[PDB]
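Each residue of the sequence shown is one higher than the last, beginning at 2 in our numbering. For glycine and all other residues, C-beta sits at the position ideal for the given N, C-alpha and C.
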Amino acid sequence: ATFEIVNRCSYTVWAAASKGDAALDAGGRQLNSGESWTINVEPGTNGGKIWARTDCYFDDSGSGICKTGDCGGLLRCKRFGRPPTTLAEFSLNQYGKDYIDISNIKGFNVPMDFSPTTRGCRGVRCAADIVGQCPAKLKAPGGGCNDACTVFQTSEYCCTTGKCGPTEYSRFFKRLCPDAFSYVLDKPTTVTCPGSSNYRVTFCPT
């Protein structure tokens with residue numbers, strides 16, 4: 002499957018793509034404002050994520066640091082990134098269907114649209130100014146708006162027992178972005194697309 006990753010933000014982002022134990026495609030790249038990066042993701046990929054990283058410094062070897070979404074100091078991510086990260090999540094060719102969503106479970110850094118470029122399903126977006134409106138206790142110094150599990154590490158926020166409810170913090174994310182997951186047991190906002198669809202992820206869609 003083809004994903005085109007487009008940076009419409011006015012600032013540089015460093016896109017990342019991983020399935021947690023391996024890179025997808027090259028795993029990461031710098032995107033200046035307006036640049037597009039096209040990746041190929043193997044059919045059958047389960048548990049893939051794409052995200053943006055901000056305020057990164059990398060040396061010639063591709064080693065460095067980012068203020069949001071750092072994936073162990075690497076330009077080319079093999080593992081998932083450090084919160085806060087708005088996430089585009091997908092599982093492809095799962096019994097004939099692809100499943101896509103946007104999640105705020107690991108916080109929010111950059112607004113995002115995640116849409117098919119082929120026919121037969123809808124896209125999803127979270128484009129509100131979550132960073133500007135972020136509750137004081139969830140604001141990340143480096144930038145972004147952390148989820149409450151990251152900040153407080155309680156069973157209730159992290160849904161450790163598999164039983165948890167919405168919280169004042171989850172409802173903040175949900176009010177601003179209803180079509181994104183706000184906590185682990187949120188009513189699913191997953192979209193079902195035809196198997197082998199192609200997609201575009203746009204940072205700063207609006």
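Where residue i falls: helix, strand or coil (DSSP)
| i | result |
| --- | --- |
| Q134 | helix |
| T3 | strand |
| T191 | coil |
| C165 | coil |
| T151 | helix |
| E36 | coil |
| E43 | coil |
| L76 | coil |
| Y158 | helix |
| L25 | strand |
| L88 | strand |
| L186 | coil |
N-terminal and C-terminal residue of the alpha helix (DSSP H) that residue i is part of
| i | result |
| --- | --- |
| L177 | 169 to 177 |
| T13 | Where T13 is concerned, there is no enclosing alpha helix (DSSP H), given that its DSSP letter is neither H nor E. |
Closest residue to residue i among the options (Cα-Cα distance)
| i | options | result |
| --- | --- | --- |
| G133 | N147, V125, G121 | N147 |
| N94 | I51, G45, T119, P167 | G45 |
| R83 | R172, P136, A53 | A53 |
| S171 | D180, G63, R30, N105 | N105 |
| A149 | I101, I131, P117, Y184 | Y184 |
| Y200 | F81, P85, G21, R120 | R120 |
| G48 | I101, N33, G63 | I101 |
| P142 | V42, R176, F59, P85 | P85 |
| residue 1 | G63, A89, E5, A128 | Outside the shown range of the chain, which is 2 to 207, sits residue 1, and nothing can be said about it. |
| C135 | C178, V125, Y158, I103 | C178 |
| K107 | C159, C10, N41, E169 | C159 |
| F182 | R126, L32, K138, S198 | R126 |
| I40 | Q154, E5, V152 | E5 |
| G21 | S198, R80, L88 | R80 |
| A23 | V42, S34, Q31 | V42 |
| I51 | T190, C10, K188, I103 | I103 |
Cβ-based neighbour list, residue i, same chain, cut-off 6 Å, excluding 5 preceding and 5 following
| i | result |
| --- | --- |
| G144 | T55, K68, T69 |
| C122 | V192, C194 |
| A27 | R77 |
| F174 | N105, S183 |
Chain-order list of residues whose beta-carbon lies under 7 Å from that of residue i (same chain, five-residue window excluded)
| i | result |
| --- | --- |
| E36 | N8 |
| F91 | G49, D99, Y100, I101 |
| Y58 | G65, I66 |
| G124 | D114, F115, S116, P117 |
| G97 | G196 |
| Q31 | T13, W15 |
| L88 | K50, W52, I103, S104, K107 |
Bounding residues of the beta strand (DSSP E) (the contiguous stretch that carries residue i)
| i | result |
| --- | --- |
| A53 | 49 to 59 |
| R201 | 200 to 204 |
| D71 | Unbroken run through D71: none, as it is neither H nor E. |
| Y100 | 98 to 104 |
| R126 | 125 to 127 |
| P117 | 113 to 117 |
Sequence-distant residues of its chain with Cβ nearer than 8 Å to residue i (five each side left out)
| i | result |
| --- | --- |
| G29 | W15, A16, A17, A18, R54, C72, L75, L76, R77, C78 |
| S156 | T162, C165 |
Does the stretch 8 to 28 come within contact of the stretch 64 to 78, defined as at least 3 CB pairs closer than 8 Å?
yes
Using 8 Å as the cut-off, can you tell me whether the stretch 98 to 115 makes contact with the stretch 194 to 204, which would need three or more C-beta pairs spanning the two stretches below that distance?
yes
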